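Next up: the same protein chain in two forms, each one alone, written as structure tokens (structure 1, then structure 2).
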Structure 1
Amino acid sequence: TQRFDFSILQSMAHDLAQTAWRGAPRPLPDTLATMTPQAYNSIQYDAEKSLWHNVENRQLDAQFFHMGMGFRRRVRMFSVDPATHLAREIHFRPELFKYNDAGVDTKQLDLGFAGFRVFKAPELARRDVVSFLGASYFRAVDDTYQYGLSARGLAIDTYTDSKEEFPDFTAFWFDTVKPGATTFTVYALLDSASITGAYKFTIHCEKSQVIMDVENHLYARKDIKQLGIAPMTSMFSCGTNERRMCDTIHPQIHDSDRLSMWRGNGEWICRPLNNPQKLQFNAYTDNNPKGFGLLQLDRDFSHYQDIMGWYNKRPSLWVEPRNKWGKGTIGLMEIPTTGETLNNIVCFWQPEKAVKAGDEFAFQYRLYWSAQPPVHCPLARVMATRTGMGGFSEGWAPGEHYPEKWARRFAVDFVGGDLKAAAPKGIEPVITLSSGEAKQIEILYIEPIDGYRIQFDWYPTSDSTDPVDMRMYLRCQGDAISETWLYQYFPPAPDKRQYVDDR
């Protein structure tokens, strides 16, 4: 046993920061390194040796992950008696696992735990609802039980003139779960070349969501180009907007469709996610952000047709800062993807002030894992962003030839708020553009969602292929009556603003 609490973990992290980084894990055995995802996920932990097996009337239990594939960090695991503030280490032993000890090619296999996952009544040994695995990455599910997007303890150099640094959770301490409890507490040591951290997660496993109360203290070993707080990681391959990568049986493929920001000044932003041809970074200035999230608001199975991944059942993630974070940017990185496996969306909070060796930080935030975020704009909300050819009347698209003029059609569909009561008074879109002009601007009632479509044709004013930034909110009798739609469009090359008639 040893003395353990959050204060001791902070000293540990602080003291670790004054010693040289332990460095990258040793390479795995080849049987583990070359192991397929299907083989990796078939590894069987001995349910009789579950972390909380000895707790009467337990509503939660926990098991560990084996090292394998890219998961090569030994993670040290401890049980904490919260009454006595005493931690005991749980030692890896091979007998805890089956189907871990032969490779893809049957070749027979020091090792350790790679992470943990938590199960809930009524299924204490299957269908885990929280999981920590790989670097500082974790995920949770809601009542659909379907895993989608990830969070991380921290992001470092995700978008800068040098390679991303991935911090690792190197140790977790589990408070022994109480009888009847659907909340558990886990402490984590974060360790990286640039930075150490002490984390406390108080994790609420509710009927329809997981709520994590996160507290961290960070201690910078080195100058850092980019510090990303409360990082989220998702994937967008094909949605309703700029469908360049949609050649599958699935009308849409994504773990999230949008970035949602509740700003320091009280403004709501809806930023539809892109799968761009070229790597893209955006930084959104804010001061005391109230919340931000990567949201999956299209719940319609018929929009995905995925009976393996169930994208339509995947959760939203909402970050709620528990203090004033001051000046900084919401960073959004969008990687070009051809499919599903690449985590091509990253979002984080980057404080304004440049990070120096010896800097300390303390952040508190709540994570909400659920179909809907816990808060949304009370005004009209963007339901979907659609793009395609413009330069013709809806209902009368020419079949005999392509449109004579090149333009890109935008349809932004709004629902909820006070659209019903406002419509008779007159609803106007307020559209600003970094380039081009919005023509044939229409405000059209959409009976099947009881909503309004703002449709316009973007005509280029420049041959430039620079990203085109767009903002739109609805006004009525001198008030904003919708959240702000913020879009980034990639116009084609000049010689591609025309149609090849291949028939």
Structure 2
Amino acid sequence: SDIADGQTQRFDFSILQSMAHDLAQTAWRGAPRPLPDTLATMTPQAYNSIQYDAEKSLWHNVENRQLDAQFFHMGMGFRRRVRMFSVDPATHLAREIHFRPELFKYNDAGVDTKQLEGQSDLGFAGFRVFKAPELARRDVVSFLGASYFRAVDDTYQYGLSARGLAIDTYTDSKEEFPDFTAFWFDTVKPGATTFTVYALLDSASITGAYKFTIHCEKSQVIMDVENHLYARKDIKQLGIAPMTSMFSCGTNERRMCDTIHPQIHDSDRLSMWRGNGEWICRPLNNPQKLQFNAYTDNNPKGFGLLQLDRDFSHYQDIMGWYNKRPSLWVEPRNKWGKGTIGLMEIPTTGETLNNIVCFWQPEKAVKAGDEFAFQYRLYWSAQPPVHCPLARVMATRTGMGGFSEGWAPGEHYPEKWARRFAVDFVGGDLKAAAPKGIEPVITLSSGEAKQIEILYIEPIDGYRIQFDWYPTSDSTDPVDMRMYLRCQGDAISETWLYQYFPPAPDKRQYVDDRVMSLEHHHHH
């Protein structure tokens, strides 16, 4: 009856650490063996019409179950055979769920199932967990990819994603993508919306043992992650608790915004809570040139890629519902010590490319034989679980300056070239601080802040800081900008880090291409 009917074996979190440790001592298993021909040469239509059998779900036998799970068929870009096991947490005894065609319904699929018959080694691509009131529709957790996984809050819309690990995302060499190659699921308890799933990570450079304790709460999904990592080789770049999102069109430097969509992004900013208590808002970019930024920290308290613009009218996407897509908050649960938060921002021209990658990278160079243990909570939800207790950046608007706000000239372009920055703040003591006097403190790597203005914005009960950036140089070098609000010498806001790309000096001017002629009269 239960789908998991393989050889019984003892399993616990330490046996997996041993598996992973022992595995690190041998040669990497290498790239996956080709799939059976019937799957190797599949049209998307064909794959898509393969459907896991809902009545053979992982936990079909558990009464009052509030959670169930199904498996994705191997095929398409899923070339790694992920093995799946069921663990009775009472007896610490695991049984393998072997792939078999009986587990699936191949409908209008022209799949030669006969060549799948003895392929009990095929395993699956990954898995999804459903929660009540619907246990076979609208998954809330999905592990499917390499180390990749994602989840949803009460909107049920999937957005940014996370991975078990990142290796060499940005270096002299090509990036390496560790696979999760096996998952052990503790049988859910009747009534529970918490489930436990251990995973084995395997890769040319490194193995790991992972435990995921996953809480499908009413408003969000919380994941208690513990990992143990075993380097096989020297590693150039190790990325702990990595996130992957997309940013094409935002309120900032809008250079890829010729769609019907006012904004296009899965996430709009990096939030960092630093070990010293400082909060940072790093508005994400769609740079024309690939960028890596490393934010030095020690014992980071938290960091996330957030989607805080929840307004459909700002996106107009009735396919992907970007306004419903969630935020991801990484809460270190042990002291991670010295290192950097890496943000890679890749140039994109649409929404098909996850062009945003963020992770933690320990200070210390990774050498063959090094071992690591990280614990962290992930919160999949619209609003992060924590935010600055002070004035918070709500939005970072950028555009032409060189004029007076409200009086942008209609007949000529502006006299001088400048770039306008508008940073709206909403938050704590802004109201009580306002009479006492709010000074923005601005810091620029290059250029001069001019026409600094502080303006009340009734509709969001906040304050807008505008300044015009005037260049001092012919340099196209990135401009690292920094801003916070001050009041009687004390800071009253989070810090805003921005990365501006000044245009070429030949393009620091406007081309006025208008024509005012009696050539275009039309009668209807």
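Take the two forms, superpose them, and find the largest set of C-alpha atoms that agree within 1.5 Å; that set is the rigid core. All residue numbers here follow the sequence of structure 1, with the first residue given the number 1.
Among the candidates 470, 438, 28, 51, displacement between the two structures reaches 2 angstroms at the C-alpha for one position only, 28 (superposition on the rigid core).
Residue displacement note: residue 76 has its CA displaced by under 2 Å between the two structures (rigid core superposed).
In a rigid-core overlay of the protein, residue 65 has its C-alpha displaced by under 2 Å between the two structures.
After superposing the rigid core, the C-alpha of residue 115 moves by less than 2 Å between the two structures. Lined up on the core, residue 369 has its CA atom moved by 0.4 Å between the two structures. Comparing between the two structures on a rigid core frame, one finds that residue 418 has its C-alpha moved by 1.2 Å.
Here the rigid core is superposed, and residue 100 then shows its C-alpha moved by 7.5 angstrom between the two structures.
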